Structures are given as C-alpha cells and as structure tokens.
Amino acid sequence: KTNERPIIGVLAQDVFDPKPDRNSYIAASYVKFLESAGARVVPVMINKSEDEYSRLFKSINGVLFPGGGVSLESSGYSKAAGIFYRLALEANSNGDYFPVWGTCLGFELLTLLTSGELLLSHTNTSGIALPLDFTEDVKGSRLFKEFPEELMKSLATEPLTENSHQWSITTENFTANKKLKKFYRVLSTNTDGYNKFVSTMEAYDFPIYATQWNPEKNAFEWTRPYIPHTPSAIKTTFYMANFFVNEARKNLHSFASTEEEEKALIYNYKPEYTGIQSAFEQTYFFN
C-alpha cells in the first residue's frame, strides 16, 4: 500500500524587511526539486496557529525546511519548523510514517531542534562546489541505497554539491553532542581545509534527512559561478529528490476535501524573476 499522488509542504521564510504581500518567501528552486521527483507542493505560511499547522500537517505527506539566512531562534520560520518537527516525531512513533528534509539552514535547524543547542562554527564555504567525503556508515544508509554506483563514485571525486553557508557543525561538535551522536547517522563530511563538518546525515530511527549543501541548485539555479551543472550534478538533484519523494509516498495523509487541496497548492501563486539581483532565478513572495 502506497500514495502515488504525494503532496509535500515547503517552509516559507521571513522576508528580511517585510511588507504586505512580502512577509515570507520560497525560492522557486525548492519547488522544482520536489515537483521533478513526482510530488506536488504546498507553501507553508509563517505566522500561524498551532492548530492551522496541525490541520496542514494532517493533510500533507512530508515537509522540507529549506536553506536561507533568517534566525534559527526568533523567526517565524523557526517556530513553524519546531512544530512540524515534534508533530513528525509523534506521528512516526505511531506507525504513521512522515519524512522531514532539511536543506542547509534546515540542516542547521535540525541540529538545534534535536540537540536543544546551537553548535555552529564559521566555515569558508559561502560559495564553493565540493565532493562528499563519505563515511564508513554510508553502505548502511537509506538515503543513497538507490543511487547508481557510478553516481556515488562521482559524488566522491567530483565537485557536485553546492555549498553556500556561512555556518556549519564540525565533526567534533557533532560527535561530542550526546543527543546528536545517537540520533543522526552521518553519511558525509567536508572540510574548508581547517574545520571539518557534517555535510549529509539521516536519523537512525526516523525518516528525517538533512544536507548542509543545496541539492536543488544544480538543475534549477544559474546565477553564481560556483553552482555545479555537469551531467552528474543534474543527476544528483534528481536522485536526491527522488528519495525524499519516495519517502513521502509511504505517507497516507490527504486533504479533508479536494477543494481544500486545490486551494493550498503552489499552483495558486506566481513567482517573480529575481535572478538579476538575488541568488535565485525565481522567488515566491507571500503575505
């Protein structure tokens, strides 16, 4: 038994200088990422009631906490992410499979959510393309099980992952945090040459997955010299997304009606061209 019309939530994030109709935003590249692996998408608004969130939670099939630069502590983004985090834990312990995906800022957010602490250090990683230095524990993993061996071989030797983060969590900080060490299997590391950090991870016991890098960018973003656009990079964003959506398909939630569905989908919104100015070709702004 499965759900082959999977619908996935994407978290909006506080506009730095809000104005009506600019309160939150989602980079269109996160939408393309999930659509391309066969999902439909719901933008999750920011300053909402516990209960609207739960409703929404009960309706969708997975969440993605996307990259960015807003507060991990005081932002709307961080509130909603927390609420989705615990709802997802509960539901999963109740046989109700619900996956969470954290990209960049979302990865960081998850280290905070599960550790109860802010463990970040500065890295020289604000715009660089990097292989993955895979761990022993990779042959175990879920995330990569279905990747062509040849793609795995490329991700290890070729600059295919986009890093655009000011912050990271080092190997030592991670390994030394008791809550993290037992919650997350670490699938990959990288280094800027000084600090060594966690680049990809996945919960031992939960469908929670996170990358410090931005998979979405390879296929869908074209604004910076350091975005990977080789044939293996494009295959990277596909297989990455394909796994998370293949995870959402195990979830069996669905909306109360279908008039509710149609009213909540990304189709309902129009992005703007923001590619001359920002790192994103296209962005959805919300009230």
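Throughout, we count residues from 1 along the sequence that is shown.
Colleague: Output the stretch having the higher mean C-alpha B factor in the entry; the candidates are 271-279 and 14-22.
Modeller: The stretch with the larger mean CA B-factor is 14-22.
Colleague: Tell me which stretch, 136-144 or 154-162, has the higher mean Cα B-factor listed in the entry.
Modeller: The entry gives the higher C-alpha B-factor average to 136-144.
Colleague: Whose CA atom has the top B-factor in the entry, of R40, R224, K250, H229?
Modeller: Of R40, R224, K250, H229, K250 has the highest C-alpha B-factor.
Colleague: Take the CA temperature factors straight from the PDB entry and tell me which of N94, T200, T170, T125 peaks.
Modeller: Most elevated C-alpha B-factor of the set, per the entry: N94.
Colleague: Where does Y53 sit by CA temperature factor within its chain: lowest, middle or highest third?
Modeller: Answer is highest: the recorded C-alpha B-factor places it there.
Colleague: Ordered by C-alpha B-factor within the chain, which third holds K196? Give me lowest, middle or highest, please.
Modeller: CA B-factor rank for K196: lowest third.
Colleague: Give the position of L89 by CA B-factor within its chain, expressed as the lowest, middle or highest third.
Modeller: Its C-alpha B-factor, which the entry lists for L89, ranks in the highest third among residues of this chain.
Colleague: Ranked by Cα temperature factor within the chain, is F255 in the lowest third, the middle third or the highest third?
Modeller: It belongs to the highest third of the chain when residues are ordered by C-alpha B-factor.
Colleague: For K181, return the chain-relative third of its C-alpha B-factor as stated in the PDB record: lowest, middle or highest.
Modeller: Top third by C-alpha B-factor.
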